[PDB]
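Asks: Quick check, what structure comes out for this input:
(6 chains)
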Amino acid sequence: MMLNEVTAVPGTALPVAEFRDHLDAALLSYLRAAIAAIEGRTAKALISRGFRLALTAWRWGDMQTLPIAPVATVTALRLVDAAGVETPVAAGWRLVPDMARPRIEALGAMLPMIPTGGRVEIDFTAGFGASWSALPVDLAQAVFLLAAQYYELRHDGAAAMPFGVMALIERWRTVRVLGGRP
Amino acid sequence: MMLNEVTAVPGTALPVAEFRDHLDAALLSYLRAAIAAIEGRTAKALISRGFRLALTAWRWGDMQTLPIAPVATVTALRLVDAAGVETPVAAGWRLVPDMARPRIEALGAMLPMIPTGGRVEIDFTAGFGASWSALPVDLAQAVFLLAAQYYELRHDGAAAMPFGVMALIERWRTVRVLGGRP
Amino acid sequence: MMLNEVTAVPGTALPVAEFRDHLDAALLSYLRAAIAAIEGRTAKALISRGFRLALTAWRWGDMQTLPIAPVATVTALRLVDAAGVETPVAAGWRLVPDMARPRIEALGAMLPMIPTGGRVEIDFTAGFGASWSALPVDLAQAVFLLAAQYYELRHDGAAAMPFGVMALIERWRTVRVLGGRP
Amino acid sequence: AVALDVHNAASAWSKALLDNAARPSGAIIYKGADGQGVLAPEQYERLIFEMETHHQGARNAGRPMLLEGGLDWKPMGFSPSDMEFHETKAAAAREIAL
Amino acid sequence: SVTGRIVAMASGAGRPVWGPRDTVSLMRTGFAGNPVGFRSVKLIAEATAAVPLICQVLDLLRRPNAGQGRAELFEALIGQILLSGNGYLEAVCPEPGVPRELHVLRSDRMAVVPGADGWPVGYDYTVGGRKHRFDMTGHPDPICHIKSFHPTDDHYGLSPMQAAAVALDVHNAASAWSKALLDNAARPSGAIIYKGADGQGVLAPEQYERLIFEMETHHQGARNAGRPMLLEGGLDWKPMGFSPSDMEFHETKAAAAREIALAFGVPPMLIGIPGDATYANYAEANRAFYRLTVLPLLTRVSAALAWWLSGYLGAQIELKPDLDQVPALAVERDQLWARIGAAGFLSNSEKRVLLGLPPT
Amino acid sequence: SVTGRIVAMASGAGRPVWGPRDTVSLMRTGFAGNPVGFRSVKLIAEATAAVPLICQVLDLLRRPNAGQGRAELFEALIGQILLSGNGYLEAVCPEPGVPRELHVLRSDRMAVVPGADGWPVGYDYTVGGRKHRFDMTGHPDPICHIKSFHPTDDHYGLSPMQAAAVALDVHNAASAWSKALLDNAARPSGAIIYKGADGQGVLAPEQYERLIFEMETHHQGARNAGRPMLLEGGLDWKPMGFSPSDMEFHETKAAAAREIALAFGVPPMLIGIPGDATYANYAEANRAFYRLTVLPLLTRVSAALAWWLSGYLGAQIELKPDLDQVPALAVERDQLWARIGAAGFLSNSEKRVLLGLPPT
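Replies: Numbering: from 1, shown residues only, chains lettered A, B, ... in the order given. Okay, here it is:
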C-alpha cells in the first residue's frame, strides 16, 4: 500500500483570489499547507486528483477499500508480474461509491489474484470536484480558517470558537472502532 | 450510500441583504459556510435542494430512512443494472414524512430488489422551504449567529450565551442511541 | 408525525412597539428568533397559530397527545387513503384540554382506524391567545430578555440573574420521565 | 391473601424486569471536537457496520476496538442480575402452602 | 373422523402440507453442532435399538434391507423421531405378506398430502427437485408414519429438539464465546510507556532495536520472571492485567447443557453433565432413563410397527419390548424376586407363575 | 429403496461424492493435538478390540493380514469410526470363501460413488493423485462400509469429534494460552525509577555498571530477599506485581475437556478429568462405559462384519460380543447369580438354564 498521487493540484484551481478576499506565492503556499493538513486529518482529497494505490496483497477477497475517501471512477487495475508485465485487467471488480467505505469489492468472486511479487496498482480519481466551487462549504471554510492562521503567525505560538477548524472537520474524519484482525 | 446533492442553492435565495442588516461576495461566502456547518451538525437541509441517495444495498426490507431529515416528495427510485439500465420503478414504496425518521418504507412487501451490482439511486427534495422565509426562525438565527462570527474573526481565535449557536441547534440534531446491529 | 404549521404569525401581532420601548424590521427579526427559541425549549406556541399534525400510526388506541402544549379546538381529523381520499371524520375522539398532556383521547373506543398508507392529519389551533396581551407575562418577559440579547450582541460572545431567561421558562418546559415502551 | 399477592407481584416483577429493561453491553461515547457533537450519517453507517460485523456476537468477543481521538467505549454493567425478590417470593410461596 | 372432512380441506385438500421446516437447520447446529445434543440423541437411539422385542416380522426386523441391520434400522429410525418428531418406514413388497425391505426415509425430505377426509392420501419424498408421491389409498399403505405427540399440529409430530431450540443456541453461542475469546483477544502482560521529553514522542529505530532486544532477551520468558527492569527518566512499565479470566458464560452454558438433556429426557449423570446428584449411583439413573424416556418411546414405535406390519401378513401381530432381558431393570427385577421369593404363604407353584416362569 | 432412484442422481450419478472433508484437519488437532481427544479415542478403541466375539471368520479375524493382528485390526478400524464416522474394510480373496486378508483403509482417503440407484457402485481410494475405483457390482462387494448414524447425510456417517469440534478448539487454544503466557510475558519483580535532577534523565554508564552490580550481587536471588535497599535522592524502587497469576482459562479449559469426553461417551472418571463424582468407584463407571459407548458400538461393527463376511462363506453367520467374558460387567454378572442362586422355589436344573449354564 503506497498511495502516491500522480499529478498535484496545479494551483490555478486553488482559490488564491477568494483567500486573499477572506483575509500571492505565499498565499498559495498556505492554502495547500492547510489543504494537506485538513485532508490528512479527514482522509479526503478535495480537488479530485489522480492517485495510484499500488499494494502487494489484498486484505480480503472481496474488499481493499481505498484510503482516500471521496472516490469516483477507478481508471485501471493493473497486475504487474515479478518483471513488470503491466497487464491491465478489466473485469472482476466494481467500485462501491461511498463516503464512509470507498471500496472496490468484487464481481461475485475473489479479486484478480496477485502474481507472487507482481504487485497490483490501482489508479483512481478521488476527490469532491475539479474546481474549488464543488467542495462542501464547511470544509472550504475550514481550509480558510487554517490557512488564514498559518498566514497570520509564522512560528508555533499560542492564541476554541464554536465551529472552529476542528469542529468543522470533525464530521469528515473516518470513524473506526476496529484495531483487530478483520 | 453516497448522498451527493444535484443542484446547490443559487445564492439569490440566501439572505445577503438580511445578513448585511444583521451585522457582498464575502457575506455570501460566510452565509453558506454557516449553513453547511449547521446542517452538517443537525443533518438538515434548510433550502430544499435536490439530492441523490445512490446506495447499493437496503439496510432492511421495509426501510432505508433517508439521511437528510426534512424530506418531501421523493421524485424517483431508479434501479440500474450492472450496465446501467436506469429503469425507474414507480410502485412498491411510500415516503413517511417525519422530522425524526424520514423513511421510505414499503408497500406491504419488500423494497424493490436491487440488481447485483445495479445500485439503486433515489432522488428527493429535502428541506424546509424554497425561500429563506420558510425556515424555523431559531434555526435561521443560528445561521446568523454563526455567519456573523465567521465574518468578525478570520482565523481560529477564542472569545456561551443562554441561547447561542449550540443551544439553538441542539433541538434539531438527530438523537440516536443505537450503535448496534439493527 | 410532521407537525408543520399552516400559517405563521403575521407580525402585526408581535409587540414591535413594546419591544422597542423595552430596549423595526430587525426588531421584528429578533422577536420571532426569540419566540421560536423559547417555544422550542418549552414546546409551546404563544400566538395560537394553526398546525397540522399529519402522522401515520397512532401510538395508542385512546391517545396521541399533541406535541404543542397549549391547545384548543382541534378543527378536523382527516383520514386520507393511499390515494388521498381526504375524508373528514367527525366523531370518535375528544380533546382533553390540558397544559401538561394536550391529548385527543377517544370516544369510549379506539381512534379512527388509519388506512394502510393513508396517513391521518389533524389540524388544530394551539397557543395562548391571538394577541400578545394574552400571554403569561413571565413568558412574555422571557421573550424580551432573549430578544433584547439577540439585539445587543450579534455573534456568539459571552457575558445568571435570579429570574433569567432560563428560570422564567423552566416552569413551561415539559417534564417527562419515560424513555421506554409506553 | 397477602402471601398470594407477594408471590404474584414478585413473579410479575421478574417477568416485567425481562420485558422492559435496557441492558446495553457498552456505549460508544462520541463527544467530538466540541463539548458535544453528533457524527454525520456517513460516519454512522461506517460505525454501525464495523460494530455489527466485527465487534458484536459470540464470534467477536475480544476484538481490541481501536478508539480514535474523541471516540470512547464505556463498558456498562448490570449490577443486580440474579435474585430480584428471590427469597421474598420463596418465603411467600412457603406461607401459601403453610 | 367426522371432523376429518372439514379439517382436511381447510388445511389444503390433496396438496403437500410440508414439514414445520427448519427440520434441517436445527439438525446441523443441534446434533452435529454441540456434544450435548449429539450425545443425548445418540444415547437414546442406541439404547432403544438394543432392547429386544417379543412377538406374542422377526426375520424381517433382524435383517431389514441389504444395508443397515436391525440395530442400524432402529437407530436411524429413532434418530429421526428425536430430531424431527416424524418417523417414516418404507416397505417394498415383491411378494404378498412380510415386505422384503424396510427403509427409514429421512423426515426432512418428506411431506404429507392430507387428501380428501382426515387420513392422508400419500407422501412426497422430495430430494433435489424431484418427488415420488407415495400412495395411501391401499390396505398395506407402504409408509408407516410414527409421530411424537404434537398438540397443535394435525399432520406431524413435535421434536424434543424444537423445545430445546433456545438452549441449544445458548450452548452453541456460549461455547463459541469462549473459543472466540481465545482466537481474538489482545492480552498484554504489560506496556512500556515512553512519553519522552515532549508530552508525546516516539523513540528512534536505534532505540527501538535496543529496547526490543533487552526485552526479548532479558525480560521475556519463564527463565526471566523477576528481572528488576531499570526504568530511566521518561520510560515506564505499566503492568496490565486480565480481569475476567475464567468462567465466561460458564454457568449459563452449564445450565443450557442441563436444559438440553432435560428436553431429551436423559439424566445428566448418564451423558456426563457436571451437576447436582439427583440420582445416586447410576443404578437408578439408568433405570429411570430406560423407564421415563426409552421404553415409553420404544413401546410406541414397536406398537406402530406391529399394527403396520400386521397389515401385510394375515394376522393382528403384537410386538412389545422384552422387559425381562434388559440389564437396566435388574435393580427392579431382583426386588420383585425378593418379595415373592420370601413369600412362604403360597407354594412354589404359585410364585413361579407370579414371577413369569412356566410351572413345572 | 424406491426413493433411491431419485436421490442418487440428484446427488450425482456415478461420480465420487467425497467425504465431508476436514476429516484430516481435525485428526491432527483433535487426536494428535490434545490429550483429552487422544485418550478418549484410545480408551474406546482398545476396549472395543479387547471384547471377545462369539460365532453362533474366527481364524481370519484372529490373524487378519500379514501385519496387524486381531487387536490392531479392530483398534485401527474403530479408530476410524470414531475419528471420521466411516469404517472401511478391504478384503482380498484369491480363493472362494473366507477372504485371506482384511485391511482397514483410512477413511479420509476414500470416497463413495453413488452409482445409478440407491446403494453405491464403488469406492475410490485416493492417495496422492491416484485412485483405485473399487467395484460394488458384485455379491461379495469387497468393501464393508460401517457408518455411524448421520441424520442429514446419505452416504457417510457422523464423527463424535465433529460434534466436539468447538470443545477441542477451546481446549487446544486455552492450553496454548497458558503455554504462550509463559513463553512471552514480561514479569518484573520491581523497577528502579530514576527521574533525575530534570523531569527525565538517564544515568551515566559509570552509574549503570555500579547500579547493575549492587542489584545483581546484593539484591537479587533467594539469598538476598529483604535487603533494605537504601534509595538516594531521585532514585526510587516501585515493586511491581502480577495480578492474574493462576487459573487463566482454567475452568473454561476444564469444562471443554469434559465436553470432549461427553461427546465421545467416556465417563470423565476413566480418562481422569478432575470433576464431580457422578459415578462412585469405577465399578459402575467402567460398567456404564462398556454399556453406553463400547458394546453398543461393537454390536454394530461386529454385526456389519458378520453380514459382510457371510457374503463370502455360504452361510448367514452371526457374530456378536461375548457379554460373559468381559471383566467390566462382573458387577452385573454376580447380582444376576445372587438373584437366581438364592431362588429356591425352582430346582438346580431350572437355574442352570437361567444363568446360561448347560444342564447336567
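Asks: Chain D: helices as residue ranges?
Replies: For chain D, applying DSSP state H gives helices covering D:2-19, D:41-54, D:86-97.
Asks: how about CSV for these, with mean neighbour count and distance to chain F added?
Replies: (C-beta placed from N, C-alpha, C; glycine too.) Putting the helices of chain D into CSV (neighbours: other CB atoms under 10 Å in any protein chain shown; distance: least, CB to the nearest CB, whole Å) gives the following:
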stretch, mean neighbour count, distance to chain F
helix D:2-19, 13, 26
helix D:41-54, 19, 19
helix D:86-97, 13, 25
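Asks: Please identify which of those helices is closest to chain A.
Replies: The closest of these to chain A is helix D:41-54. By CB to the nearest CB, the value is 3.6 Å.
Asks: Export only the CA atoms of that closest one, formatted as CSV.
Replies: Provided in CSV are the C-alpha atoms of helix D:41-54 (Å, rounded to 0.1, in the frame of the first residue of the first chain):
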residue,chain,number,x,y,z
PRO,D,41,-24.7,9.8,8.7
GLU,D,42,-21.7,8.9,6.6
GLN,D,43,-19.8,8.2,9.9
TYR,D,44,-22.8,6.5,11.4
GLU,D,45,-23.2,3.9,8.7
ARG,D,46,-19.5,3.2,8.8
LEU,D,47,-19.6,2.9,12.6
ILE,D,48,-22.8,0.9,12.8
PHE,D,49,-21.2,-1.5,10.3
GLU,D,50,-17.8,-2.0,12.0
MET,D,51,-19.7,-2.7,15.3
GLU,D,52,-22.2,-5.1,13.9
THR,D,53,-19.7,-7.1,11.7
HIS,D,54,-16.6,-7.1,13.8
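Asks: quick one: it to chain centroid distance?
Replies: Taking CA atoms, centre = their mean, to the nearest Å, one finds the center of helix D:41-54 at 20 Å from the center of the full chain.
Asks: can you tell if that helix touches chain E?
Replies: No - applying CB under 8 Å from any CB of the partner chain, one finds helix D:41-54 separated from chain E by no less than 9.2 Å.
Asks: So that helix, near chain A or not?
Replies: Yes - using CB under 8 Å from any CB, helix D:41-54 comes into contact with chain A via D:42, D:43, D:45, D:46, D:47, D:49, D:50, D:51, D:53, D:54.
Asks: which residues sit in contact with the closest residue to chain A within chain D?
Replies: The minimum distance from chain D to chain A, using CB to the nearest CB, falls at residue D:66 (2.8 Å). Applying CB atoms under 8 Å, 6 or more residues apart in numbering or on different chains to residue D:66 gives the contacts A:176, A:177, A:178, A:179, A:180.
Asks: Give me every residue in chain A lying close to chain E.
Replies: Contacts of chain A with chain E, taken as CB under 8 Å from any CB, map to A:180, A:181.
Asks: and if you look at chain D?
Replies: Residues of chain D lying close to chain E by CB under 8 Å from any CB are D:58, D:59, D:60, D:61, D:62, D:63, D:64.
Asks: Strands - which of those land there?
Replies: Using DSSP state E, no member of these sits in strands.
Asks: are any of the residues you listed buried, and which?
Replies: Among the residues of chain D next to chain E, those scoring as buried are D:58, D:60, D:61, D:62, D:63 (criterion: 16 or more other CB atoms under 10 Å in any protein chain shown).
Asks: For the spatially closest residue to residue A:94 that is not a sequence neighbour, what is the enclosing helix or strand?
Replies: Leaving aside its sequence neighbours, residue A:94 sits nearest to residue B:117 (CB to CB, 6 or more residues apart in numbering or on different chains; 5.5 Å). Using DSSP states H and E, no element contains residue B:117; it sits outside every helix and strand.
Asks: Let me see the contact set for residue 7.
Replies: I went with chain A, as the question did not name one. By CB under 8 Å, 6+ apart, the contact set of residue A:7 is A:49, A:50.
Asks: I was after chain D.
Replies: By CB under 8 Å, 6+ apart, the residues touching residue D:7 are D:89, D:92, D:93, D:96.
Asks: Of those, which fall within the contact range of chain C?
Replies: Answer for the contacts of residue D:7 near chain C: none qualify (CB under 8 Å from any CB).
Asks: tell me which of those is nearest to chain B?
Replies: Nearest to chain B among the contacts of residue D:7, counting by CB to the nearest CB, is residue D:89 at 32.6 Å.
Asks: who are the neighbours in contact with the spatially closest residue to that closest one that is not a sequence neighbour?
Replies: Spatial nearest neighbour of residue D:89, excluding adjacent residues (CB to CB, 6+ apart): residue D:10 at 3.7 Å. Counting by CB under 8 Å, 6+ apart, residue D:10 makes contact with D:85, D:88, D:89, D:92.
Asks: Can you tell me how far the second one is from residue D:15?
Replies: What that stands for is residue D:88. Going from residue D:88 to residue D:15 by CB to CB, to the nearest Å gives 16 Å.
Asks: Residue A:73 belongs to a strand?
Replies: Yes - applying DSSP: H, G, I helix; E, B strand; the rest coil, one finds residue A:73 inside a strand.
Asks: what helix or strand does the nearest residue to it once chain neighbours are set aside sit in?
Replies: Spatial nearest neighbour of residue A:73, excluding adjacent residues (CB to CB, 6+ apart): residue A:125 at 5.5 Å. Residue A:125 is part of strand A:120-126, with elements assigned from DSSP H and E.
Asks: quick one: strands adjacent to that strand?
Replies: Here strand A:120-126 is paired, per DSSP bridges, with strand A:49-50 (antiparallel), strand A:53-55 (antiparallel), strand A:71-79 (antiparallel).
Asks: Kindly report the residues of chain D close to chain B.
Replies: Contact residues, chain D versus chain B (CB under 8 Å from any CB): D:27-28, D:34, D:36-38, D:40-42, D:44-45, D:47-48, D:51-52, D:56.
Asks: And chain A, by the same measure?
Replies: Proximity of chain A to chain B (CB under 8 Å from any CB) is limited to residues A:18, A:21-23, A:94, A:96-100, A:107-108, A:136-138, A:140-141, A:144-146, A:148-149, A:151-152, A:159-165, A:167-168, A:171.
Asks: From those, keep the buried residues only.
Replies: Burial by neighbour count, 16+ other CB under 10 Å: within the residues of chain A next to chain B this picks out A:18, A:22, A:94, A:96-100, A:136-138, A:140-141, A:144-146, A:148-149, A:151, A:161-165, A:167-168, A:171.
Asks: quick one: residue D:1 from residue D:93, how far?
Replies: Distance, residue D:1 to residue D:93, using CB to CB: 15 Å.
Asks: Pick out the residue of chain D closest to chain B.
Replies: Nearest residue of chain D to chain B (CB to the nearest CB) works out as residue D:41 at 3.8 Å.
Asks: Pull the contacting residues for the closest residue to that residue other than its chain neighbours.
Replies: Computed as CB to CB, 6+ apart, the closest residue to residue D:41 that is not its neighbour in sequence is residue B:67, at 3.8 Å. Taking CB under 8 Å, 6+ apart, we find residue B:67 in contact with B:1, B:3, B:43, B:53, D:41, D:42.
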